[PDB]
Amino acid sequence: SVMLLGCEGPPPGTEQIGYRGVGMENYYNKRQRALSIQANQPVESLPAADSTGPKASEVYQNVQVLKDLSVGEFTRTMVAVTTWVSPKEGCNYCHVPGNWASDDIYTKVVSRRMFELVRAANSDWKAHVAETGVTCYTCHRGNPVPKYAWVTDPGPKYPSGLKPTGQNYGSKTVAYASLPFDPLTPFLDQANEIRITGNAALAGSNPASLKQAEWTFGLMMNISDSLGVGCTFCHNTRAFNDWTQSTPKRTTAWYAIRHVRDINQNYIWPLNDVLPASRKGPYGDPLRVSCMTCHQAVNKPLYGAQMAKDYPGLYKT
Amino acid sequence: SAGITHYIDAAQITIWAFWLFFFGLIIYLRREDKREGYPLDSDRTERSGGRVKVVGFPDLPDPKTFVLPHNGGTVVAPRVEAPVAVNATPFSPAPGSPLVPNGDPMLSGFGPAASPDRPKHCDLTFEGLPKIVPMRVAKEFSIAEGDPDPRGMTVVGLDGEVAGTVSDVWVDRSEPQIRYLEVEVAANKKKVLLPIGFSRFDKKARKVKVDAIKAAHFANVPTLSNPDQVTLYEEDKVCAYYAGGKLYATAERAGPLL
Amino acid sequence: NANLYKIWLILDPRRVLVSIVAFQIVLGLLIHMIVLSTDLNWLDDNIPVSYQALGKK
Amino acid sequence: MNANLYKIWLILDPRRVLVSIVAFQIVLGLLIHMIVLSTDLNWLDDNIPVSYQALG
Amino acid sequence: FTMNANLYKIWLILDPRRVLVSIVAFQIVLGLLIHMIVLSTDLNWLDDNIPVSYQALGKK
Amino acid sequence: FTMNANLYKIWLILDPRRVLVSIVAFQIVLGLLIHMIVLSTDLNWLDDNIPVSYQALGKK
Amino acid sequence: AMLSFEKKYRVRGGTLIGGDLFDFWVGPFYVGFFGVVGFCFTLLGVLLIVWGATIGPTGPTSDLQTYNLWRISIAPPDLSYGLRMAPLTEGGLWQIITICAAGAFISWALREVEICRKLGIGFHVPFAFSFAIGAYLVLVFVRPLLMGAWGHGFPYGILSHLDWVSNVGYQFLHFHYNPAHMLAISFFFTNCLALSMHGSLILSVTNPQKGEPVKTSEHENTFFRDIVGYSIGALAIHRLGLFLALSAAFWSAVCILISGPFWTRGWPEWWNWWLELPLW
Amino acid sequence: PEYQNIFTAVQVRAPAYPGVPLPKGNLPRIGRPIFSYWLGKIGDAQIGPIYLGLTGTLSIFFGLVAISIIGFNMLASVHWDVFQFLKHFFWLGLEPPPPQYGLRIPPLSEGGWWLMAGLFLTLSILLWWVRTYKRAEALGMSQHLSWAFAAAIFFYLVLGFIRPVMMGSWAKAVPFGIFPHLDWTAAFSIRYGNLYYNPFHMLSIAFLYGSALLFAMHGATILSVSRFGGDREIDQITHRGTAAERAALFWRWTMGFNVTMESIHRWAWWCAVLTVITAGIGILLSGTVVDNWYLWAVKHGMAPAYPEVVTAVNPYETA
Ligand code: BCL
Ligand code: BCL
Ligand code: BCL
Ligand code: BCL
Ligand SMILES: CC[C@H]1c2cc3[nH]c4c(c3C)C(=O)[C@H](C(=O)OC)c4c3nc(cc4[nH]c(cc(n2)[C@@H]1C)c(C(C)=O)c4C)[C@@H](C)[C@@H]3CCC(=O)OC/C=C(\C)CCC[C@H](C)CCC[C@H](C)CCCC(C)C
Ligand SMILES: CC[C@H]1c2cc3[nH]c4c(c3C)C(=O)[C@H](C(=O)OC)c4c3nc(cc4[nH]c(cc(n2)[C@@H]1C)c(C(C)=O)c4C)[C@@H](C)[C@@H]3CCC(=O)OC/C=C(\C)CCC[C@H](C)CCC[C@H](C)CCCC(C)C
Ligand SMILES: CC(C)=CCC/C(C)=C/CC/C(C)=C/CC/C(C)=C/CC/C(C)=C/CC/C(C)=C/CC/C(C)=C/CC/C(C)=C/CC1=C(C)C(=O)c2ccccc2C1=O
Ligand SMILES: COC(C)(C)C/C=C/C(C)=C/C=C/C(C)=C/C=C/C(C)=C/C=C/C=C(C)/C=C/C=C(C)/C=C/C=C(C)/C=C/CC(C)(C)OC
Ligand SMILES: COC(C)(C)C/C=C/C(C)=C/C=C/C(C)=C/C=C/C(C)=C/C=C\C=C(C)\C=C\C=C(C)\C=C\C=C(C)\C=C\CC(C)(C)OC
Ligand code: HEM
Ligand code: HEM
Ligand SMILES: [Ca+2]
Ligand SMILES: [Fe+3]
């Protein structure tokens, strides 16, 4: 509740997204862009593959996701799929003491799916994931449970059965602002329309409730925050809708906002059954996936480092 | 919008509207702007602008009738005015050249210390008594509980050296604000009204420095007809003097520095 | 400085003296700052002083 | 030109051109360091010996 | 009271009324602030534990 | 208080009321401000850790 | 020409840094040492810019290049040339104009002063104007410097300069939460309220009811002493005013000097230091 | 080095002046006027007393009601836990009714309190304009505040009764909280083109500027020549003087033309009124009229055109 002068010493970042002197620009604190890199670092892949051997669907009692892989290569995977995931608990995390073909561990069940996740992604949505693709390190970054999940926010306390509004609060969810504070669930999870610009100058077209674009905002906020770039980045402001005016990035985000639709409404969602409570939300749910979950306030998780490229078993065949 | 005619709809009509009535009301003001001081005097130059009209594009408005307060004549505007004197000589005959203040400028009554002849009738308060009065009749008053009382503060010329002192600080029945300070000068042993507006307080040394006129000039300060109250005429009269000091009190001031 | 004592009857004692005192402080704060930006950022940048990048991490 | 220039001070005061130019030099004095420290050689952060800033 | 001995001269430079009504608030505020702050995170005895679950057990 | 011998003179230039009550606010803020900084970050002794959660164990 | 009573104030001199030369008038304007210069820049701008209007985007031929105020706009150079003279065509020209405009407001500003002197008046006017002047520098200079780019300033477009804000504004998402922009805005409002009161009241006392006397302060000082209860006073209004405005400006000035070179996250966030208070 | 009328240096005081008495109908003034050296180090240090008629009370009452709603519902939000209420203050608020009950009386919950509270900041606001024209001329005073007040009160209704209710939407009407309200303006700009393109705003701006400009000049000017009683404009309006002499002259040898200690005060009252005027204009057009002002603009040959160093793709077309 007091007037202020920036708490960051200059000079900052300087990306000219738009034509000389038009608007869309981007400013970032070097002193952060630094750490954020020196910290968002990828863990070097495992030594070369064997290339030799038969397969794994062969030798191993039960291996559906990685059946075509040579034993060795296949093992690299397990190792990776450990350090990327729970190198604190060891192999036993996704396995039973000894008997490795067991599917008596919900961790594995899903792990399995997580595989159908990554690859499917790395190969079919390369339009968003491109050549960097994704690994387990991404969402799990050295942690079994991704610190970046998102159960439909219940909202702030309820006044004697009476608090319907879901806008006014202020919650990091939205770079901080009185907004839906959960545009995700009705967007990233489900798929509520996101456009609101009236197609024609005059009226007699877009009858969208302002309140509707009022939500797009929040969403858009989060998005913009997740990657960590001002709406300038994907937009031409005056032209939040004129694609012909936007930037490449935009479209490249379009899909993304659907590859997630996918990932949530197709993978992390179903696997709720095998998932205990400690991973379920109050409204009863599965920590799905935000753009933040991977991005973690960056444009190419770990700023473009492509780990997934060094793992053949991570691509739909 | 600059080319000619392109699109066609409703709202764009209205934008024309307001942005029309504007150019109308604009004139209204223009006229209302001209009331006093009009028409102009000399031909030193012509009317700069697009359409150099006789005297202002908006035909001078009509007379306005100002019904003054109780026991007060009536004023109007416009209202022809009687030409004044020009106690000065043009440094150059060139139109737009300055006029030097013949003799002693400090009182030559010109520009830096010139002024009009406002009515010679003390402006009164709501009911009757005159607004600006000295703390004499302004006995029903009291210094702001806290602010160091100016009564007894020795004025000091802009030259620094003393120049009389003070007496009554002419308050006001309308707004408990000090507007003048009686200054029993040193050489004249008279009374010269001090225009607070020109008086800089120095509550640290009981002084009240006025970087306006040298200590001596307090002698040439237009004298007050009556000490118990001052009329508009003189209200402008005392002030205008010190004013000159701003561009007279020193050869330095008036002339450029670089 | 042998014949530079005369400059004082012209330049006032008070104005220049503290007029420069300030000139310094603003140039002083200004310099440390201009350089720190890029050149040498002795502050948060290396060792032994590296207790944040190494420690915090 | 300076030969007959002595007369200068007869029309100007000492403090007049005395400190104005000094102010002009300081303004131009640093107005230039900046503009030069900008293109020819951003010596401040341009090349070497970065040993301490880099290897450090 | 190593210094509290000669400290009496204190009433002399400090206004009795100004210092008296001032602590009146600082203490009045400091205390409401402290119970506000502690009660916020540390131990929110209010909506925190026992005796019974008036809400939980009663509502349902 | 060695300075004293040579330090008495300070008070002729520094009004007692201006510096006395003034520092009183300074001590009051910085202090409140510090607990605010330390507490909030370093170690939030209050809600941060031990002996252990009381409202958490008694609630469930 | 001269006003009904102007003929008696046009003293000689009073100039600042010299000017006792061109110390004269033209039409109703005093020239001096600043009315002179400012002019220069004016045409070497008002017209230098015309060249721009001529040139346009691609070239003076590009169907892009037009002559409609609504569109015409001189664009600053690319962030490329940081703090260096850009090619007029690519940026410099813009700089050039801006170069001028600076002085044109520094002259007219000073010229104001010489005047303020002649008419032996107060200087509140210029001093005020300066803020407004400054806010134009710390919004095309003080900032772009701490951004190493001249072309990093704004354009000169009749409406084109609008977007320039649209963007740089969204560059922080909900620019609205900027602490300054809030106040600075608040002022540009309060001002537009008091003003809509003073200028009103007066024009309601000097020209009061039908068959009524030119009311006196003995009313004014009560007009609001009734509606709102208290009255800032009469002298005061002409204070609060300059205040508000001369602040609003200086505020906004901060508002965009810190937005960027002093803060990179979306403002909405800045507002977090609040939340995170070890209390609630 | 001249006392630049900043803060009335030395002050003085006299008894509580309960203003000029009022006719047959204007109830007794009320209050035991007070003094504040500080407040007074800027203006008339006296405080009060104040009037309170029928609309006076009637309006004030209709006032501290919406507040007691928009205030209540708000606190409720953060489940009557003030601590956070204090925290999430600038964020909190009270939203309007859901798009369903477009105009219908919203339930006691879903945006109801807002329509309730709203109407009570619809009357009291309109009633206070009465607490002007009334107490205004009953002073023998003409009406210019009362006037403007409308111009402003106009725009307020262009943000409600006249437009939100004009598009059938108990939503299209601004929320009720600093931030959220701070968002409505944001939201709006979007939902419909981008206001920077609706002239009547890009217009209403220049005004909010002019005022930010003029009342900022004349505030100085007066001061500059406040020694010469400039501040006393009142009389200067009638009996001129060196004030309006020195003043206007300034602007004469500055921007050329100039005016009168009267005129100015005119443009003043104008720019101001001609602000909220243009405000509610665009805001009225924007909604039931043009839907995207950006399109409008360019479609009229307005909106500029720059090169293109970046462009994107369009899923809805290639896909
Ligand atoms: C940039 C790379 C180096 C570095 C290189 C330099 C260099 C090179 C210089 C400094 C200088 C200074 N540096 Mg360094 N500095 C670094 C890191 C630091 C850090 C840090 C936390 O890392 C700090 C806190 C400082 C702090 C300081 C200041 C003590 C000092 C003077 C600045 C000034 O404007 O005085 C303004 C001056 C005044 C207000 C007064 C004028 C002085 C006169 C002669 C005495 C006054 C007389 C008076 C009447 C008597 C009463 C005394 C007082 C005025 C009351 N540096 C890094 C490691 N630093 C400068 C310096 O201290 O030189 C000695 C300098 O030249
Ligand atoms: C750009 C390539 C080079 C370089 C090339 C040069 C060159 C070439 C020159 C400088 C000069 C200067 N450089 Mg270098 N410089 C570099 C990097 C730096 C860096 C840096 C951090 O990297 C710094 C801090 C400086 C700093 C400085 C200044 C000490 C110095 C004078 C500035 C000035 O105009 O004052 C301004 C002037 C005045 C105040 C007035 C003039 C002084 C008079 C004679 C005394 C006043 C008399 C008066 C009557 C009485 C006193 C009253 C007062 C006016 C109040 N340089 C790089 C490495 N630098 C200039 C210099 O030092 O000349 C000696 C110069 O010619
Ligand atoms: C940070 C980790 C520790 C901790 C470490 C410290 C440390 C380390 C220090 C404190 C200090 C303090 N801590 Mg702690 N503190 C902790 C947790 C707490 C908690 C808590 C609820 O958990 C609380 C409520 C406090 C509260 C306090 C204050 C009692 C105390 C002084 C504040 C001050 O600056 O004086 C403001 C000053 C003034 C108003 C005036 C100056 C004093 C002069 C000498 C006397 C006035 C003279 C006057 C002219 C005469 C007139 C008399 C009357 C005024 C009329 N702490 C945790 C556990 N705390 C400080 C302290 O107690 O020092 C003794 C200190 O140094
Ligand atoms: C992106 C959209 C964002 C946004 C982005 C920005 C950005 C980006 C900026 C502002 C700035 C400002 N915004 Mg904002 N702003 C938004 C919404 C708002 C709203 C609103 C109700 O919604 C309001 C009231 C404001 C209010 C404000 C002001 C506080 C502030 C300063 C303006 C100014 O007067 O500079 C005063 C300027 C001057 C005096 C210079 C011009 C005058 C010169 C000296 C003379 C010209 C002479 C001429 C060339 C000669 C020819 C003669 C002709 C007759 C004239 N903003 C939205 C949310 N806002 C600006 C700011 O903070 O500046 C400091 C700024 O840079
Ligand atoms: C809080 C301060 C407010 C303010 C105050 C203010 N303005 C002032 C003053 C004061 C006190 C004056 O004394 C001065 C004046 O009128 O003196 C008689 C003035 C003034 N305020 C002006 C404008 C102005 N003020 C504005 C705002 C404000 N001024 C603030 C609200 C704004 C806007 C956009 O909000 C504008 C446009 C001028 C009319 C006048 C100063 C005139 C002057 O000095 O002009 C010099 C130059 C020329 C006449 C020729 C121009 C040639 C140049 C080379 C070109 C410059 C191009 C320009 C940079 C691009 C513009 C394009 C945009 C559309 C992008
Ligand atoms: C261009 C036109 C500008 C303008 C003009 C304007 N405003 C005006 C007027 C005019 C001409 C008036 O005549 C009127 C006025 O002040 O009349 C005396 C007014 C006014 N402009 C106001 C506000 C205002 N104007 C604004 C803007 C503008 N007004 C425009 C810039 C703004 C903004 C958004 O920037 C605001 C916020 C009001 C001060 C006043 C109208 C007051 C009114 O109608 O009040 C009705 C009654 C009440 C609200 C009841 C109050 C209840 C109690 C007296 C207070 C108790 C405390 C309170 C509830 C706090 C909560 C505490 C709880 C713990 C209880
Ligand atoms: C194809 C084509 C046409 C091409 C064009 C080619 C051309 C024309 C090229 C030439 C370009 C050039 C050189 C242009 C410059 C020409 C000049 C000198 C123009 C004048 C510049 C200028 C600053 C004009 C004024 C700008 C304006 C109108 C600003 C509006 C702001 C505004 C509302 C101001 C109010 C003005 C008023 C009424 C002032 C008077 C006034 C005020 C303000 C008081 O406060 C006061 C207080 C007490 C007593 C009296 C007064 C008083 O009289
Ligand atoms: C003939 O007789 C004549 C007329 C001459 C004289 C007559 C005299 C008379 C009639 C006198 C009458 C006196 C009366 C009626 C007195 C009544 C006194 C009462 C009712 C006193 C009540 C006192 C209560 C007190 C002092 C309460 C103090 C409370 C305190 C200090 C609370 C502190 C609270 C804190 C810090 C709260 C923090 C809140 C949380 C914890 C929520 O913050 C987080
Ligand atoms: C619990 O509360 C306590 C007791 C602690 C007291 C504290 C209260 C507090 C702190 C209250 C704070 C309130 C605040 C901060 C309010 C802020 C409000 C803001 C910022 C509002 C901003 C904009 C508001 C607008 C534009 C409102 C417009 C309202 C309109 C247009 C209403 C129109 C109503 C109409 C037309 C009604 C017509 C009648 C019907 C509906 C019947 O016609 C069909
Ligand atoms: C480094 C320690 C690990 C070793 C030695 C190891 C070993 C093995 C072996 C031998 C198999 C094939 C067994 C069979 O079904 O016949 C297997 C399969 C599998 N392991 Fe691991 N594993 C390790 C860690 C992990 C971890 C940490 C995860 C958890 C994500 C994991 C997930 C899986 C899955 C999902 C399969 C089934 C493969 C498929 O369907 O394609 N393993 N592991
Ligand atoms: C926080 C600032 C942002 C705001 C206010 C914002 C606002 C909007 C709005 C209003 C739309 C809908 C326009 C329409 O079709 O009517 C939109 C669409 C879109 N935005 Fe943003 N946006 C922001 C940031 C971003 C960022 C950072 C990206 C890029 C990664 C992005 C990517 C998109 C895409 C791809 C669409 C169209 C597809 C869709 O979501 O339906 N936006 N944005
Ligand atoms: Ca809302
Ligand atoms: Fe006025």
# chains A, B, ... in the order shown; residues from 1 in each chain; ligands from 1
$ calpha_fit_and_write --fixed "chain F" --moving "chain E" --output "CSV table (one decimal) with N, CA and C atoms, in the first residue's frame"
chain,number,residue,atom,x,y,z
E,1,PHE,N,36.1,5.4,26.0
E,1,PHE,CA,35.6,6.8,25.8
E,1,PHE,C,36.8,7.7,25.4
E,2,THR,N,37.4,7.4,24.3
E,2,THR,CA,38.6,8.2,23.9
E,2,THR,C,38.1,9.6,23.5
E,3,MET,N,37.0,9.7,22.8
E,3,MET,CA,36.4,10.9,22.4
E,3,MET,C,35.2,11.4,23.3
E,4,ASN,N,34.6,10.4,23.8
E,4,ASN,CA,33.4,10.6,24.7
E,4,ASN,C,33.7,11.6,25.8
E,5,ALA,N,34.9,12.0,26.0
E,5,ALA,CA,35.3,12.9,27.0
E,5,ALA,C,34.9,14.4,26.7
E,6,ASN,N,35.3,14.9,25.6
E,6,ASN,CA,35.0,16.2,25.2
E,6,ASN,C,33.7,16.2,24.4
E,7,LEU,N,33.2,15.1,24.0
E,7,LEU,CA,32.0,14.9,23.3
E,7,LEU,C,30.8,15.6,24.0
E,8,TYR,N,30.9,16.0,25.2
E,8,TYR,CA,29.7,16.6,25.9
E,8,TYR,C,29.1,17.8,25.2
E,9,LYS,N,30.0,18.6,24.6
E,9,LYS,CA,29.6,19.8,23.9
E,9,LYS,C,28.5,19.5,22.8
E,10,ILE,N,28.2,18.2,22.7
E,10,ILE,CA,27.3,17.8,21.7
E,10,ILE,C,25.8,18.3,21.9
E,11,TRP,N,25.4,18.4,23.1
E,11,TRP,CA,24.0,18.9,23.4
E,11,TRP,C,23.8,20.3,22.9
E,12,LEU,N,24.9,21.0,22.8
E,12,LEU,CA,24.8,22.4,22.4
E,12,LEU,C,24.4,22.7,20.9
E,13,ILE,N,25.0,22.0,20.0
E,13,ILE,CA,24.6,22.2,18.6
E,13,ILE,C,23.4,21.4,18.1
E,14,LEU,N,23.2,20.2,18.8
E,14,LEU,CA,22.1,19.4,18.5
E,14,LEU,C,20.9,19.6,19.5
E,15,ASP,N,19.7,19.8,18.9
E,15,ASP,CA,18.5,20.1,19.7
E,15,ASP,C,18.3,18.9,20.6
E,16,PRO,N,18.0,19.1,21.9
E,16,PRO,CA,17.8,18.0,22.8
E,16,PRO,C,16.5,17.2,22.4
E,17,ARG,N,15.5,18.0,22.1
E,17,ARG,CA,14.2,17.4,21.8
E,17,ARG,C,14.2,16.7,20.4
E,18,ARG,N,14.8,17.3,19.4
E,18,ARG,CA,14.9,16.7,18.1
E,18,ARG,C,15.6,15.4,18.1
E,19,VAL,N,16.8,15.4,18.8
E,19,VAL,CA,17.6,14.1,18.8
E,19,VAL,C,16.9,13.1,19.7
E,20,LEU,N,16.2,13.5,20.7
E,20,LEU,CA,15.6,12.6,21.7
E,20,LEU,C,14.4,11.8,21.0
E,21,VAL,N,13.6,12.5,20.3
E,21,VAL,CA,12.4,11.9,19.7
E,21,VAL,C,12.7,11.1,18.4
E,22,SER,N,13.9,11.4,17.9
E,22,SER,CA,14.3,10.8,16.6
E,22,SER,C,14.8,9.4,16.9
E,23,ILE,N,15.7,9.2,17.8
E,23,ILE,CA,16.3,7.9,18.1
E,23,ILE,C,15.1,7.1,18.6
E,24,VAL,N,14.1,7.7,19.2
E,24,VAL,CA,12.9,7.1,19.7
E,24,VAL,C,12.3,6.2,18.6
E,25,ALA,N,12.3,6.7,17.4
E,25,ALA,CA,11.7,6.0,16.3
E,25,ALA,C,12.7,5.1,15.5
E,26,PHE,N,13.8,5.7,15.1
E,26,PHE,CA,14.9,4.9,14.5
E,26,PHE,C,15.1,3.6,15.2
E,27,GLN,N,15.1,3.6,16.5
E,27,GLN,CA,15.3,2.4,17.3
E,27,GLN,C,14.0,1.6,17.3
E,28,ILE,N,12.9,2.3,17.4
E,28,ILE,CA,11.6,1.7,17.4
E,28,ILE,C,11.3,1.0,16.1
E,29,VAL,N,11.9,1.6,15.0
E,29,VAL,CA,11.7,1.0,13.6
E,29,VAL,C,12.8,0.0,13.3
E,30,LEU,N,14.0,0.4,13.5
E,30,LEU,CA,15.1,-0.5,13.2
E,30,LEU,C,14.9,-1.9,13.8
E,31,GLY,N,14.4,-1.9,15.1
E,31,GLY,CA,14.2,-3.2,15.8
E,31,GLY,C,13.0,-4.0,15.2
E,32,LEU,N,12.0,-3.3,14.8
E,32,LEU,CA,10.8,-4.1,14.2
E,32,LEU,C,11.2,-4.6,12.9
E,33,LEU,N,12.1,-3.9,12.2
E,33,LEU,CA,12.6,-4.2,10.9
E,33,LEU,C,13.5,-5.5,11.0
E,34,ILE,N,14.4,-5.4,11.9
E,34,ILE,CA,15.4,-6.5,12.1
E,34,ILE,C,14.7,-7.8,12.5
E,35,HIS,N,13.7,-7.7,13.4
E,35,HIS,CA,13.0,-9.0,13.8
E,35,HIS,C,12.1,-9.4,12.6
E,36,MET,N,11.7,-8.5,11.8
E,36,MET,CA,10.9,-8.8,10.6
E,36,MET,C,11.8,-9.5,9.6
E,37,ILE,N,12.9,-8.9,9.3
E,37,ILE,CA,13.9,-9.5,8.3
E,37,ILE,C,14.5,-10.8,8.7
E,38,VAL,N,15.0,-10.9,9.9
E,38,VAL,CA,15.6,-12.2,10.4
E,38,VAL,C,14.5,-13.3,10.4
E,39,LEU,N,13.4,-13.0,11.1
E,39,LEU,CA,12.3,-13.9,11.2
E,39,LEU,C,11.8,-14.4,9.8
E,40,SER,N,12.1,-13.6,8.8
E,40,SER,CA,11.6,-14.0,7.4
E,40,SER,C,12.3,-15.2,6.8
E,41,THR,N,13.6,-15.2,6.8
E,41,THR,CA,14.3,-16.3,6.2
E,41,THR,C,15.2,-17.1,7.1
E,42,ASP,N,16.1,-16.5,7.8
E,42,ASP,CA,17.0,-17.1,8.7
E,42,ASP,C,16.3,-18.2,9.6
E,43,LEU,N,15.8,-17.8,10.7
E,43,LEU,CA,15.1,-18.7,11.6
E,43,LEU,C,13.7,-18.2,11.9
E,44,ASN,N,12.7,-18.8,11.2
E,44,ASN,CA,11.3,-18.4,11.4
E,44,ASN,C,10.7,-19.3,12.5
E,45,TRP,N,11.3,-19.2,13.7
E,45,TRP,CA,10.8,-20.0,14.8
E,45,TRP,C,9.3,-20.2,14.9
E,46,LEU,N,8.6,-19.3,14.3
E,46,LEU,CA,7.1,-19.4,14.3
E,46,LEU,C,6.7,-20.7,13.5
E,47,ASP,N,6.6,-20.6,12.2
E,47,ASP,CA,6.2,-21.8,11.4
E,47,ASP,C,7.5,-22.5,10.9
E,48,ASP,N,8.3,-23.0,11.8
E,48,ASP,CA,9.5,-23.7,11.4
E,48,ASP,C,9.8,-25.1,11.9
E,49,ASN,N,9.6,-25.3,13.2
E,49,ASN,CA,10.0,-26.7,13.7
E,49,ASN,C,9.2,-27.3,14.9
E,50,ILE,N,9.7,-27.0,16.1
E,50,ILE,CA,9.2,-27.6,17.3
E,50,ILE,C,8.6,-26.5,18.3
E,51,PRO,N,8.1,-27.0,19.5
E,51,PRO,CA,8.1,-28.3,20.1
E,51,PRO,C,7.3,-29.4,19.4
E,52,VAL,N,6.0,-29.2,19.3
E,52,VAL,CA,5.1,-30.1,18.6
E,52,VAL,C,4.5,-29.5,17.4
E,53,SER,N,3.9,-30.4,16.5
E,53,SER,CA,3.2,-29.9,15.3
E,53,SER,C,1.8,-29.6,15.5
E,54,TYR,N,1.5,-28.5,16.2
E,54,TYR,CA,0.2,-28.0,16.5
E,54,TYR,C,-0.7,-28.1,15.3
E,55,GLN,N,-0.2,-27.7,14.2
E,55,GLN,CA,-0.9,-27.7,12.9
E,55,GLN,C,-0.9,-29.2,12.4
E,56,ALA,N,0.3,-29.6,11.9
E,56,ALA,CA,0.5,-31.0,11.4
E,56,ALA,C,-0.2,-32.1,12.2
E,57,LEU,N,0.2,-32.2,13.4
E,57,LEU,CA,-0.3,-33.3,14.3
E,57,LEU,C,-1.8,-33.0,14.8
E,58,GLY,N,-2.1,-31.7,15.0
E,58,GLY,CA,-3.4,-31.3,15.5
E,58,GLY,C,-4.4,-31.2,14.4
E,59,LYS,N,-4.2,-30.5,13.3
E,59,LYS,CA,-5.1,-30.4,12.2
E,59,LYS,C,-5.6,-31.7,11.7
E,60,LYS,N,-4.6,-32.6,11.3
E,60,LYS,CA,-5.0,-33.9,10.8
E,60,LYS,C,-5.5,-34.8,11.9
$ residues_around --residues "residue 107 of chain A" --least-positions-apart "6" --cutoff "10 Å" --atoms "only C-alpha atoms" --output "PyMOL selection string"
chain A and resi 93-95+113-114+144+274-275
$ residues_around --residues "residue 181 of chain G" --least-positions-apart "4" --cutoff "8 Å" --atoms "only C-alpha atoms" --output "list in words"
residues 175, 176, 177, 185, 251, 252 and 255 of chain G
$ write_last_selection --atoms "N, CA, C and O atoms" --output "short mmCIF file (atom, residue, chain, number, x, y, z; two decimals), in the first residue's frame"
data_model
loop_
_atom_site.label_atom_id
_atom_site.label_comp_id
_atom_site.auth_asym_id
_atom_site.auth_seq_id
_atom_site.Cartn_x
_atom_site.Cartn_y
_atom_site.Cartn_z
N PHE G 175 0.13 -3.92 -16.58
CA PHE G 175 0.86 -2.68 -16.26
C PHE G 175 0.17 -1.90 -15.14
O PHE G 175 0.81 -1.23 -14.32
N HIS G 176 -1.15 -2.02 -15.13
CA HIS G 176 -2.02 -1.39 -14.17
C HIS G 176 -1.61 -1.48 -12.71
O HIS G 176 -1.86 -0.56 -11.94
N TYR G 177 -0.99 -2.59 -12.32
CA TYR G 177 -0.60 -2.76 -10.92
C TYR G 177 0.70 -2.07 -10.56
O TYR G 177 1.16 -2.13 -9.41
N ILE G 185 -1.55 7.90 -11.94
CA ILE G 185 -2.85 7.97 -12.59
C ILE G 185 -3.77 8.77 -11.68
O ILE G 185 -4.34 9.79 -12.08
N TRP G 251 5.54 11.81 -11.27
CA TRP G 251 5.21 10.44 -10.89
C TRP G 251 5.33 9.62 -12.14
O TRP G 251 6.32 8.92 -12.33
N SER G 252 4.33 9.72 -13.00
CA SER G 252 4.38 8.98 -14.25
C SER G 252 5.83 8.87 -14.71
O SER G 252 6.27 7.81 -15.16
N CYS G 255 7.17 6.19 -12.99
CA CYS G 255 6.37 5.12 -13.56
C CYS G 255 6.97 4.36 -14.74
O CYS G 255 6.83 3.15 -14.82
#
